[PDB]
Amino acid sequence: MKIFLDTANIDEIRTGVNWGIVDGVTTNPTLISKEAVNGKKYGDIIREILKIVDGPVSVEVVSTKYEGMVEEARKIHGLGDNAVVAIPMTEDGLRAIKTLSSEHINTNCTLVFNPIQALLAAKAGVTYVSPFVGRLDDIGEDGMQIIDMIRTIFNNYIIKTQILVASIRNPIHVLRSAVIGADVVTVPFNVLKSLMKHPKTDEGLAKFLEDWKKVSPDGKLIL
Amino acid sequence: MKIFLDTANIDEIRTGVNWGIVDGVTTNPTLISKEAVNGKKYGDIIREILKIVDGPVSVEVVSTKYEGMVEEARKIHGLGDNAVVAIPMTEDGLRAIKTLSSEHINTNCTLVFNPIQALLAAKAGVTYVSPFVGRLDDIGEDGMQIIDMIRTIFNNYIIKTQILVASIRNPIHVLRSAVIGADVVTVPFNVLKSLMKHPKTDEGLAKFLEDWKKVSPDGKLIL
Amino acid sequence: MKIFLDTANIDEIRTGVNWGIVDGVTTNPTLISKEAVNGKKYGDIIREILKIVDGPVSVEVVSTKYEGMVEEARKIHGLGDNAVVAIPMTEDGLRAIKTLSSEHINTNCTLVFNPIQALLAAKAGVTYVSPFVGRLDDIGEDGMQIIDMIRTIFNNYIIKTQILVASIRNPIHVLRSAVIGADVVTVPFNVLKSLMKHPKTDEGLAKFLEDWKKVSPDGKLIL
Amino acid sequence: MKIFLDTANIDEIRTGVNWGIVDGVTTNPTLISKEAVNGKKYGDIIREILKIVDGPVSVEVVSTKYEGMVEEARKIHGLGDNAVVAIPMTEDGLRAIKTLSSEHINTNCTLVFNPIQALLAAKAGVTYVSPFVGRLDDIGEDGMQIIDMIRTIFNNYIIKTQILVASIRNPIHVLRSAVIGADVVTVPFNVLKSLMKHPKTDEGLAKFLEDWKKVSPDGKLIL
Amino acid sequence: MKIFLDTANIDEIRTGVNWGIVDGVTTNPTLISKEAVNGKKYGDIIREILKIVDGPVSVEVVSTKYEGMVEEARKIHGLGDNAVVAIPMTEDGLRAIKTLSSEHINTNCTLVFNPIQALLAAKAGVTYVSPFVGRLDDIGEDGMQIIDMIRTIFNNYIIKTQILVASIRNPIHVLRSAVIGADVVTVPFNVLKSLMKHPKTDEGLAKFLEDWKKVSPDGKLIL
Amino acid sequence: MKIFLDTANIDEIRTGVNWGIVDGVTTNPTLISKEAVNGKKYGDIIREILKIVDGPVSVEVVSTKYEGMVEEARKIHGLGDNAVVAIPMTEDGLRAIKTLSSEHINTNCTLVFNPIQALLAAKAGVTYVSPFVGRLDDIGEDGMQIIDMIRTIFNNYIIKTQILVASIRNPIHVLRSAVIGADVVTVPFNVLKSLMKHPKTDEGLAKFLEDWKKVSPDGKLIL
Amino acid sequence: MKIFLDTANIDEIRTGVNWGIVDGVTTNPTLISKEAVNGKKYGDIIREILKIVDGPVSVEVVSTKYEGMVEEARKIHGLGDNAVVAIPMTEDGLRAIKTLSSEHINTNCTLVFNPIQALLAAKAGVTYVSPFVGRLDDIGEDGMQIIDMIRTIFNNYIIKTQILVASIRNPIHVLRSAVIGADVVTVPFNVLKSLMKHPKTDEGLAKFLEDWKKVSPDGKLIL
Amino acid sequence: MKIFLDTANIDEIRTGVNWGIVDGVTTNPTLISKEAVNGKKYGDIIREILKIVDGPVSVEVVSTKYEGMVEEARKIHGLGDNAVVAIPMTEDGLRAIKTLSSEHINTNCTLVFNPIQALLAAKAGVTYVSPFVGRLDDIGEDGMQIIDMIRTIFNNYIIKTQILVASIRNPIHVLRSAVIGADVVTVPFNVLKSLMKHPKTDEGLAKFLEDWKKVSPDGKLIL
Amino acid sequence: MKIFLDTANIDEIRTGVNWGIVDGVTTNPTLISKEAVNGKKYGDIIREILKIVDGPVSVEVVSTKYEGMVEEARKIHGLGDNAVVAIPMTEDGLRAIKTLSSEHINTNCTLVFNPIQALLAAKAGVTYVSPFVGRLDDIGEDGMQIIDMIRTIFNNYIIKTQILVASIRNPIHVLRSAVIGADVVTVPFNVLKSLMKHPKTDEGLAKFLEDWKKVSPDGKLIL
């Protein structure tokens with residue numbers, strides 16, 4: 001499972017990228033809008049992310065119309081080989097995805113909320129489909145179930161579209177995604193850092209440190 | 001499923017290896033601290049285990065910082081081709097693992113307590129991930145469930161990182177590990193011994209031997 | 001699933017073999033003791049079974065010590081290519097199996113009562129492992145569960161050791177072994193006989209014969 | 001799944017075969033004896049069926065002894081390439097099947113009532129095994145469960161013997177057989193007749209016809 | 001679970017009732033038509049069954065119109081307190097059932113083929129609902145599933161309408177009905193007889209009787 | 001399970017009410033708006049339905065504000081004892097429901113789309129909660145699952161609020177509701193009439209009719 | 001769960017009763033024939049068992065005809081209040097049970113091999129029904145499944161007939177009966193003995209005694 | 001299931017209470033510290049909450065020592081009858097709870113992270129136990145599983161301690177709590193507000209409004 | 001579920017009892033023998049425990065014979081009302097329990113290793129039955145499964161004997177016991193100590209304290 005950062009915050013991304021545990025980044029108009037304030041240009045935001053992120057960087061078109069989506073997609077594409085064009089799950093989006101796929105421009109179909117939408121996006125030739133599990137959670141349905149079904153459907157049809165779990169709110173979304181076998185999760189920074197942590201890890205380390213001192217007071221390992 | 005001995009006790013290791021049932025050893029700073037007494041130096045203990053054990057011998061770094069970890073890892077690695085560098089599940093540890101994995105130094109990510117930690121370790125290129133099941137048990141969480149999920153996650157993504165079940169407390173951790181399909185269990189000596197024993201084996205053998213004496217007074221099998 | 005006869009009774013063996021439904025034989029010191037009475041020598045009994053039987057014939061060592069097991073194993077092995085050396089699940093047994101396996105001597109680890117013992121035997125390189133299901137039944141534990149677990153464990157690690165279900169008491173052990181997918185069942189002769197039988201088979205055959213008499217008074221099929 | 005007709009009634013066979021949904025025929029002494037009346041000879045009935053039916057035609061020996069079974073089997077075999085010799089599940093039958101199998105004579109082990117009998121028949125090399133589900137139903141045991149277990153057993157050991165579900169009484173035996181994955185069902189003609197039928201098919205067809213008349217009073221499709 | 005005989009055949013009814021295993025009878029226009037031959041009047045047949053059978057005797061109205069149904073139902077009801085008026089699952093039938101239920105005339109809603117039909121019948125106040133399982137089987141639908149769902153639905157709402165499984169074709173319909181907890185099964189005579197039989201009962205009794213003769217030559221039990 | 005008609009069409013309601021199978025009616029602004037065209041006043045629509053429907057008639061307030069809801073609810077209430085006030089699942093709705101409940105005015109909380117909303121409505125003291133399963137189906141989630149969960153939640157807390165399955169589109173919604181144990185379903189007229197129908201009922205009746213004629217050519221039942 | 005001894009061996013019975021773990025005895029004509037040898041009369045054996053045993057003692061009629069069964073039943077009944085009349089599952093047996101039940105004579109319907117037979121026996125008013133699980137095992141059918149089904153059926157209809165599991169061959173029949181919730185198991189003496197035993201019980205007791213000797217050299221507990 | 005607000009924010013509480021969907025409030029030292037700023041005193045915040053909330057209001061002791069806990073507990077208790085004393089899951093806490101329970105002071109054992117802790121709190125007589133599900137989620141374990149286990153455990157032992165699911169992060173914690181049957185959830189305000197919301201509710205409401213406009217231009221309901 | 005301390009260590013018992021989480025104590029000859037050293041007498045240890053512990057205190061007889069067991073049991077009983085006599089699962093033990101039970105002496109059947117032994121003990125009237133789960137774990141069998149089955153068996157027959165899970169090795173035995181619904185667990189002190197603890201409790205408490213200091217530097221709660 002690939003792990004992306006779901007943010008437009010350059011500091012978070014750079015931190016996560018430095019940790020070596022971020023395989024890519026997904027942004028979205030809202031996320032970018034958070035960072036493009038007080039002088040910051042979304043243009044520079046996107047470019048910087050493209051630059052410092054080795055892996056796929058998803059940037060969403062803003063046009064709701066086919067032609068505008070495809071044009072914006074091409075612009076996004078031209079920004080860097082790692083750019084992935086996020087296209088919303090709409091009639092025009094599916095058209096755009098099919099066209100972009102034919103142009104070998106990587107696509108991420110976003111705002112997916114059920115498995116059939118996911119299937120449609122896959123059938124359009126989308127590289128990634130991004131179901132928003134947290135937003136399903138928000139409305140009283142367990143979002144992860146949609147990921148499970150999409151996984152099954154995609155397995156059924158040997159679909160190559162990657163399932164990119166988005167709207168991840170907590171590490172259990174992440175755990176469940178992994179157990180289900182989703183291809184990618186994209187996670188907010190606060191979730192990302194929580195992923196490495198466990199109080200028994202901290203406790204274990206402290207005890208290891210403590211006992212090592214009995215062997216070597218300076219706490220070094222000389223071999 | 002491979003079976004390692006989780007000890008720094010040379011006699012236990014020597015005994016288990018002489019049984020031919022020990023596929024490797026895992027040490028940790030605490031286990032080493034138990035043996036590094038009465039003048040025994042940890043450097044000798046480690047080198048001696050490395051000598052006795054054909055298979056992987058996991059030796060944990062003591063540094064908590066990336067640079068110290070890779071420096072220690074390289075020194076550990078220099079002790080013998082069978083050395084595996086145990087690195088804790090920490091941000092620095094993941095960075096160290098990634099670095100070491102590229103240097104083709106075998107690693108074992110230790111102090112793993114949930115499946116996502118294990119996944120992150122695997123994604124850093126770790127050779128083994130060591131979830132500490134007994135320590136989860138200690139806190140009222142069935143540790144084996146984490147192994148099951150890791151197995152599933154690792155199977156989902158054809159992850160080649162080996163699941164090395166650690167903090168093994170009893171033969172059912174071992175049984176469950178095997179049924180789950182964990183790659184390795186590492187077990188304290190008291191556990192290792194227990195694994196081959198069963199009262200019905202003892203009873204059965206005694207009966208066989210008694211019955212044999214009815215047909216061969218000396219208890220011999222002449223063929 | 002192979003069906004062995006678990007007996008040293010030559011008549012049973014010759015009969016079973018002649019029925020064509022017996023793929024091998026397991027003996028053990030008790031079974032042999034039953035036959036080696038009134039002047040009958042165990043050595044002749046063993047040799048005769050090796051003769052009558054084309055399939056594997058398991059003969060158990062009696063030594064409890066590694067050196068004696070291996071010496072007796074080689075003598076057993078030397079009696080015929082179909083000889084399989086049964087080695088009890090003990091520390092020395094595992095060592096013996098490892099050695100014998102390296103000498104390409106087929107082995108059968110017997111007196112196995114749980115799946116981890118079976119795993120240890122497989123790990124030592126044993127050709128067959130023989131869990132004793134009836135004896136578990138005897139102590140209020142459903143022995144077949146252990147076969148199920150061993151099957152799973154073996155499947156998990158692509159273990160080629162054959163599961164040879166022993167201490168078979170009834171046709172349901174056999175049925176369940178088959179459904180589980182045990183490699184072999186070794187059954188006493190009375191169980192073997194019962195396997196072919198069913199009241200509806202008898203009834204149906206009688207009815208067929210009766211109906212046929214309406215069309216062929218002398219009960220022949222002339223074509 | 002193949003569908004055989006379980007009858008010796010020539011008219012039923014001709015009818016079934018003309019429908020094109022009959023893949024073969026199974027007879028048995030009772031079925032044949034029912035047709036071989038008022039002068040009609042069983043030799044003629046058998047030959048006629050073999051002539052009519054392109055696919056396998058199962059004809060059961062009547063001898064209960066190995067020699068007679070094998071002799072009759074060879075006569076049956078010589079009647080046509082599609083003749084399959086039905087042999088009852090008995091000790092002699094298993095012997096006969098083993099011999100016939102080595103002679104590349106297709107066999108069908110009949111009067112099988114549990115999965116272990118089926119396994120024995122497979123082990124004898126039988127081409128088909130015929131568990132009688134309706135006769136189990138008759139005695140208050142869900143006959144199809146036996147098919148399920150046989151399928152599982154056969155799957156376990158990659159057994160090539162075809163499961164030929166016999167004593168089929170109703171289309172649910174047929175449905176369940178298909179869902180289980182039995183290789184063949186053999187069905188009485190009245191069951192065969194029902195399999196193509198469904199009231200909603202009838203209703204849908206009539207509706208289609210009625211609606212079509214709105215655009216083509218003469219009910220034709222001119223293209 | 002009650003057991004009714006599903007026949008208009010006085011001899012079968014007389015025989016079953018003499019066995020003391022028949023708790024009632026269901027007739028239907030067809031079953032009655034089978035018996036209303038050679039001058040036998042349906043009125044006699046019905047009255048005779050009513051006379052022989054202590055328990056409920058279900059007699060179906062022939063009218064398809066509400067008024068005719070209630071008129072016939074009242075006449076049926078007048079034939080004896082044990083008469084149950086069978087009314088088909090139709091709009092008029094439901095109206096008739098509701099009316100009759102208020103007049104405290106027992107009713108049996110027949111030709112029920114799905115659980116919602118059964119529910120509607122129950123809601124009309126019907127005493128029994130008779131799903132025709134064999135007729136579902138006939139069309140490639142496991143009829144017993146409908147019984148299971150009706151049982152569940154009826155349990156959900158504490159419905160006192162009795163589930164009367166009809167179109168019973170075999171002893172497994174009966175077995176499954178009992179396991180599901182259907183209130184009543186109505187069975188053709190051939191089925192009723194079969195229900196008490198089992199080859200192991202026959203075999204067991206024969207053996208008992210043979211063994212008894214060893215201790216009591218005359219086969220008597222003198223106490 | 002109660003069955004309501006989900007319509008404002010007086011003809012449908014009168015037809016269903018005449019069938020005797022309609023326990024109540026739910027209307028909604030849309031449904032009423034369909035009928036209140038070409039002169040028809042919604043006022044008369046509602047009154048007529050109240051009049052001809054013996055059971056609960058749900059009429060939805062139109063105000064989105066608490067006070068208006070409560071006022072409209074009281075008006076609706078005053079229209080007849082069988083009037084039930086439908087209140088949408090909103091903040092004001094819950095307030096209105098709690099107030100109306102305190103006033104012993106029956107309430108139906110509508111536009112419920114998950115189980116927690118249902119729980120909230122129940123906690124407000126609502127008489128019925130109406131999850132709209134078809135509308136969930138419309139958006140690619142199986143609406144019946146929400147009914148299942150609500151049933152479980154309500155069972156958990158011995159909640160007396162009736163689950164009123166609405167947005168019913170087909171008889172399987174109805175079947176599943178019944179199997180789940182929903183208290184009520186409200187169904188469109190086309191669904192309602194389909195509930196009584198089954199082709200095997202029609203076929204069975206025709207056959208019964210046909211065979212009865214063999215007993216009585218005039219097709220009468222004279223008793 | 002009651003535990004009966006399935007034997008006519010007085011010594012076994014007296015021993016079992018003295019252990020206090022035997023709640024009754026079932027005999028059958030075979031078991032009695034085993035004891036009624038060398039001058040021992042069945043009548044004395046039966047009377048003696050009735051004496052030794054406080055619980056129910058089942059004695060089987062030998063007549064196969066209703067009148068003889070009932071006559072023998074009354075004689076059996078007349079021997080003591082704890083006498084239970086075993087009646088085979090046959091047509092005449094059911095009639096006999098019905099009659100005897102009406103005469104408040106406790107009955108045990110034996111030679112039951114499927115759940116519908118058991119149901120029929122219960123319906124006739126039988127006190128116990130005795131399904132023979134080992135004999136089903138004998139014919140390749142898991143006999144315990146029949147007990148499970150009977151338990152369910154009996155539970156469904158609140159049947160008070162006690163399920164008396166007979167033909168018990170091993171402690172797993174007993175375990176499974178207990179887990180299923182059979183009312184009674186009747187077990188041969190050798191099974192009875194085995195039920196109390198477990199190697200870990202012996203081991204634990206030996207260890208306790210050994211440890212206690214450290215604190216009380218003469219192994220007494222003096223308080 | 002009761003729904004509490006997990007906050008010390010008076011405005012949120014007032015808002016939630018005004019919505020009439022808040023059954024109680026839980027505070028904790030952190031939540032109050034958030035509000036007790038800019039001159040605001042924790043004493044006033046607490047008192048204000050108690051006055052505004054009819055339901056239980058949980059206020060946590062700060063002492064870590066038994067005596068400090070019971071003294072603070074009694075002070076908290078004295079503040080109002082609806083005050084519930086929150087006591088952390090510690091040895092001192094259990095002691096305090098037992099004392100407080102005996103003094104009939106309602107208690108809420110907080111910082112519970114596994115089911116056995118919850119059981120210990122229940123056994124101390126705690127009124128509520130508060131497992132922190134989100135904080136388990138935070139560390140990669142599905143916190144709701146703990147609730148499920150506690151529910152089972154409490155059900156097993158008819159424990160009257162209410163399960164108060166805390167650390168609620170999303171509506172799915174809430175949904176799952178209700179399905180499990182937790183007695184209470186305490187939710188942050190943003191979760192509380194989300195619970196009533198669903199896009200289809202909004203859509204449906206808008207559509208109803210729109211359609212009602214067709215029949216009543218002014219959008220009124222006149223009756 | 002009650003929680004007993006499985007020890008004869010007075011200091012552990014005092015400590016556990018002072019925590020208020022110890023409901024009783026189980027001793028056994030090994031445990032007692034461990035304490036009864038360096039002059040300390042077992043009579044004194046036993047008496048001291050009985051004095052210290054308010055709840056049941058289990059003390060095991062050492063006699064292996066009925067008379068000795070009963071004699072010792074009565075001495076144990078006379079030591080205090082809370083004394084429970086532990087009796088091993090043996091033939092004599094069952095006899096002793098039956099006698100002691102009739103004398104209203106509370107008993108604990110120990111060294112139980114399967115569910116049927118447990119059932120026998122219950123049938124003897126034992127107050128508690130103590131299956132030893134850790135010792136089953138020791139021999140590669142999941143000990144808790146025995147508890148699950150015993151619970152089921154006991155539930156089936158409404159058995160009042162308390163399931164006292166012994167040989168508890170870890171908190172998961174405890175957790176599983178609680179989830180299964182065992183009446184009692186008896187745990188070694190080190191397990192007892194762990195049950196109250198969780199790292200997140202510690203972490204949460206520290207955080208609560210830290211945050212509280214923001215509103216109360218002295219860390220007090222003045223109300």
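Just so we're on the same page: letters track the sequence lines, and every chain starts at 1. Computation of the quantities below employed the complete heavy-atom set of this structure, encompassing side-chain atoms and omitting hydrogens, waters and symmetry-equivalent molecules.
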Using a 3.5 Å distance criterion without hydrogens, assess whether the side chain of [X] forms a donor-acceptor pair with backbone atoms of [Y].
X	Y	result
B/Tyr157	B/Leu119	no
F/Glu141	A/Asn114	no
A/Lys40	A/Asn38	no
A/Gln117	A/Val112	no
A/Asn82	A/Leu50	yes

Heavy atoms, side chains only, cut-off 4.5 Å: are [X] and [Y] in contact?
X	Y	result
A/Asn108	A/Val129	no
A/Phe4	A/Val185	no
A/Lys34	A/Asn9	no
F/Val37	H/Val215	no
A/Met89	A/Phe113	no
A/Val187	A/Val174	yes
A/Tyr128	A/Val126	no

### Query
With sequence neighbours left out, which residue pairs that include part of residues 91-100 of chain A fulfil the side chain to side chain donor-acceptor pair (under 3.5 Å) condition?
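Sorted pair list: A/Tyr66-A/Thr99.
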
Nearest non-hydrogen partners of [X] and [Y], listed with the distance:
X	Y	answer
A/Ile147	A/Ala182	CG2-CB, 4.0 Å
H/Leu205	F/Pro88	CD1-CB, 4.0 Å
B/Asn156	A/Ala178	ND2-O, 2.8 Å
A/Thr107	A/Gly125	OG1-O, 4.1 Å
A/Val85	A/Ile105	CG2-CG2, 3.6 Å
F/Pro131	F/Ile146	CB-CG2, 4.3 Å

Within the supplied structure, the quantity of interest is the number of heavy atoms (other residues, nucleotides, ligands) at a distance under 6.0 Å from [X] [atom1]; does it exceed 12?
X	atom1	result
A/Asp81	CG	no
D/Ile222	CD1	yes
A/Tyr42	OH	no
A/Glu103	CD	yes

Go through the structure and list residues passing side chain to side chain contact (heavy atoms under 4.5 Å, CB included) with [X], not counting sequence neighbours.
X	value
A/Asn155	A/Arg151
D/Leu221	D/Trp212, D/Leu223
D/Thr201	D/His198

### Query
After noting the C-alpha distance and the side-chain angles of A/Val84 and A/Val59, does the key distance pass the side chain to side chain contact (heavy atoms under 4.5 Å, CB included) rule?
CA-CA 6 Å; A/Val84 173; A/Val59 178; over 6 Å; no

Measuring from atom [atom1] of [X] to atom [atom2] of [Y], what distance do you get when rounded to the nearest 0.5 angstrom?
X	Y	atom1	atom2	answer
A/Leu175	B/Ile153	CG	CD1	5.5 Å
A/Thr110	A/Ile87	OG1	CD1	10.0 Å
A/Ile150	A/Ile180	CD1	CD1	9.5 Å
A/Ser177	A/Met1	OG	CE	5.5 Å
F/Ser167	F/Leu136	OG	CG	7.5 Å
A/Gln145	F/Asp142	CD	CG	10.5 Å

Which atom pairs, donor and acceptor, lie under 3.5 Å between side-chain atoms of residues 20-32 of chain A and protein residues at least two apart or in another chain?
residue : atom : partner  : partner atom : Å
A/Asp23 : OD2  : A/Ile3   : N            : 2.9
A/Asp23 : OD2  : B/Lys123 : NZ           : 2.7
A/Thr26 : OG1  : A/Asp6   : OD1          : 2.7
A/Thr26 : OG1  : A/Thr186 : OG1          : 2.6
A/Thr27 : OG1  : A/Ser58  : O            : 2.7
A/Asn28 : OD1  : A/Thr30  : N            : 2.8
A/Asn28 : OD1  : A/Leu31  : N            : 2.7

### Query
What residues, two or more places apart in sequence or in another chain, satisfy salt bridge (charged side-chain N to carboxylate O under 4.0 Å, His left out) together with A/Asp138?
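So A/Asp138 forms a salt bridge (charged side-chain N to carboxylate O under 4.0 Å, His left out) with A/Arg169.
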
Quick one about [Y] and [X] (side-chain donor to acceptor, distance below 3.5 Å, no hydrogens or angles considered), yes or no?
X	Y	answer
A/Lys2	A/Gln162	yes
A/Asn106	A/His77	no
A/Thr7	A/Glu12	yes
H/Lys220	H/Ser216	yes
A/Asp137	H/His173	no

Salt-bridge contact [X]-[Y] (side-chain N to carboxylate O under 4.0 Å):
X	Y	answer
H/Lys207	H/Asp202	no
H/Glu210	H/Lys213	no
A/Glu71	A/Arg74	no
A/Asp44	A/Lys51	no

### Query
Yes or no on salt bridge (charged side-chain N to carboxylate O under 4.0 Å, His left out) for A/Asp183 and A/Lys160, after CA distance, side-chain angles and deciding distance?
CA-CA 10 Å; A/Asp183 303 279; A/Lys160 295 308 179 180; over 6 Å; no

### Message
Please determine whether salt bridge (charged side-chain N to carboxylate O under 4.0 Å, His left out) holds for the pair A/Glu72 and A/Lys75, giving the CA-CA distance in whole Å, both sets of side-chain angles, and the decisive distance to 0.1 Å.
### Response
CA-CA 5 Å; A/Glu72 287 166 10; A/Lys75 292 310 299 122; over 6 Å; no

